[PDB]
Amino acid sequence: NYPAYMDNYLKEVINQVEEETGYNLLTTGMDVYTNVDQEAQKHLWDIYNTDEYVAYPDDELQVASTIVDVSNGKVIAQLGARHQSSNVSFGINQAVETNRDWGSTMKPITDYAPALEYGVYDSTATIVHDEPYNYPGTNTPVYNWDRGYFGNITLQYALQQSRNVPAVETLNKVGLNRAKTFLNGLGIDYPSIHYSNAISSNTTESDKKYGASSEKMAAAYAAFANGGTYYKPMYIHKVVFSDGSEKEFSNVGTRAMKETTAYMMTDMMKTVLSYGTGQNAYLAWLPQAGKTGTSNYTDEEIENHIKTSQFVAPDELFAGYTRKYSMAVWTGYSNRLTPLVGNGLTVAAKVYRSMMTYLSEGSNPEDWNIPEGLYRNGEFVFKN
């Protein structure tokens, strides 16, 4: 027996124990010590399943999210579903599932960070281009959400307004192979990468590690938070075996980007919340950064299954981090063909706001310190 709110977390623990030990804890007696902050995890459950924190449009709208400790990659909370009146033990955990499109949340990690890392751009003020534009080697246009084009704009403003053209063009300038390598360093892979991946986590396999889940995004963004080191999501701290043996898991990280890249990304993503698309997550007292995401339906889907001229989306996504924690939030419906509408598109950011409030309140929320190699200027940050 075990509490219901822990069902998702335990399922990953079970999977992670046998990955490292080769032993399934359900068939072998062992005491397993985990990274789950029980109080935080309960609060996540409170947010999903009550009225106290978030105004949901209906009871079938789904939320999946993972919260990570930015210093070690310990997953401290995870809930893959809300309102589940079907108690089969250790079911599909949507929080580690990579089969929903993470849309614009791919931009910082696939496009803009690599461009800064490999020195394609030199500052957050670099004039980038929002003009009519085709996917390289194709006649298909990269449309913006409004079908409009802003023209000559700063990098910062591009990311902040979440424009598509500058993102895709940036992926072309970094190069597909170079970008794939960058994503790998952040725990994300594709079997094959394509230019549509500048604005989509859409993939062919997703049998295993391919694409993006709240789990992988939490881990990926955590790198921005800590000056650019990636940690593997860890659910288990220590196992003690029936025969008295004990195995402790130390969490070691890998340099995923230069500290200047991290800082510059953070500095731009601060504005997403203040001046941009992320304004439902804004908190005056909390130094935090983040990126929003709204995936879209296909050509086949708009024609045949989706009937409306209202703004709709199968998936709404937020990915934010403070100095201490990283959180990726996915929202949507089980059936992708049930579209998010009006207030439903604000859930993802409001779930983030509520959880982050809880976790950061009471500490001294530290801001980020401008590192050696960068200097301030007006609204923007420049290299040396």
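In this text, residue numbers run from 1 along the sequence as written.
Note on 123 to 131 vs 303 to 311: mean CA B-factor is higher in 303 to 311. Relative to one another, 94 to 102 and 205 to 213 have unequal mean CA B-factors, and 205 to 213 is the one with the higher figure. In the PDB entry, the Cα temperature factor peaks, among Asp189, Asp111, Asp243, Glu117, at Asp243. The PDB entry assigns the greatest CA B-factor among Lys107, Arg163, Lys74, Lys247 to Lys247. Ranked against the other modelled residues of its chain, the C-alpha B-factor of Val341 as given in the entry falls in the middle third.
Sort the chain's modelled residues by C-alpha temperature factor and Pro57 lands in the middle third, per the entry.
The deposited CA B-factor of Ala64 belongs to the lowest third of values across its chain.
In this PDB entry, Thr261 carries a Cα temperature factor that places it within the lowest third of its chain's modelled residues.
In this PDB entry, the Cα temperature factor of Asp31 sits in the top third of its chain's modelled residues, the highest group.
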